[PDB]
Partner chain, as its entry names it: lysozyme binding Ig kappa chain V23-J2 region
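Below sits a lone chain in structure tokens, taken as the form deposited without its partner chain.
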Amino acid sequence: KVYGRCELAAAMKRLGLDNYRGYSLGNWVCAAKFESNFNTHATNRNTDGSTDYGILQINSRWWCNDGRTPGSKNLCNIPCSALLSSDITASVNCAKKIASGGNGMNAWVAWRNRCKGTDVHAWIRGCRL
């Protein structure tokens, strides 16, 4: 499923990401935009055999299990296929765990590059929440 900008902001707010660990809502919307273009089906295979899954491009060597990643961890304790659902709940719950890792949203390269330090509120401007 490809979410609309405001449609995604609404779902993430529902799921409690607004100001989660101090990150206002637009941070998460901006992260999804550049990580997956708001597509819950986005997958990107990496040279190490791992794959990034879903709306927030969560990696199979550390966060979920896709059975193709040899000696990997599964820190969110879920099958990576769970991160490809129309329902972003699994992705949001795992993202909460990732952002509680010790470095906040810096764990997302795309957020660090395209969102960190910008006017993230613009990503929710014009939306009804």
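Numbering follows the first chain given and starts at 1. Here, rigid core means the biggest group of C-alpha atoms that superpose within 1.5 Å across both forms.
*Say the other structures are aligned on the rigid core; which stretch then has the higher CA RMS in 8 other deposited structures of this protein, 83-91 or 45-53?*
So, of the two stretches, the farther one in 8 other deposited structures of this protein is 45-53.
*Core-aligned, which moves more in 8 other deposited structures of this protein: 67-75 or 28-36, by CA RMS?*
Higher root mean square deviation of C-alphas in 8 other deposited structures of this protein is shown by 67-75.
*asked:* Quick check on the record: does 31-39 or 62-70 carry the larger mean Cα temperature factor?
replied: Averaging CA B-factors over each stretch, the winner is 62-70.
_Stretch with the greater mean C-alpha B-factor as recorded in the entry, comparing 119-127 against 4-12_ = Comparing 119-127 with 4-12, the higher average CA B-factor belongs to 119-127.
*Among the candidates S50, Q57, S86, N93, give the one with the maximum CA B-factor reported in the record.*
Largest recorded C-alpha B-factor: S86.
*Place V109 in the lowest, middle or highest third of its chain's C-alpha B-factors, as listed in the PDB entry.*
Top third by C-alpha B-factor.
*Entry-reported Cα temperature factor of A99, expressed as the chain third it lands in*: Lowest third - that is where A99 ends up once the chain's C-alpha B-factors are sorted.
There is another form of the same protein, the form deposited with its partner chain bound; it is not shown, and what comes next is about it.
*Tell me, out of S81, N93, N39, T43, which residue has a non-hydrogen atom within 4.5 angstroms of its partner chain in the bound PDB entry.*
The residue from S81, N93, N39, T43 that makes the contact is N93.
_Within 4.5 Å, heavy atoms only: does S86 come near its partner chain in the bound PDB entry?_
The answer is no: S86 has no heavy atom within 4.5 Å of its partner chain.
_Given that its partner chain is not shown alongside this chain, does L15 nevertheless sit within 4.5 Å of it in the bound PDB entry, heavy atom to heavy atom?_
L15: contacts its partner chain in the bound PDB entry.
*Although its partner chain is absent from this view, report whether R21 comes within 4.5 Å of it in the bound PDB entry, heavy atoms only.*
Yes, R21 is a contact residue.
*Quick one: which residues from 41-67 get a non-hydrogen atom within 4.5 Å of its partner chain in the bound PDB entry?*
Result: empty, none.
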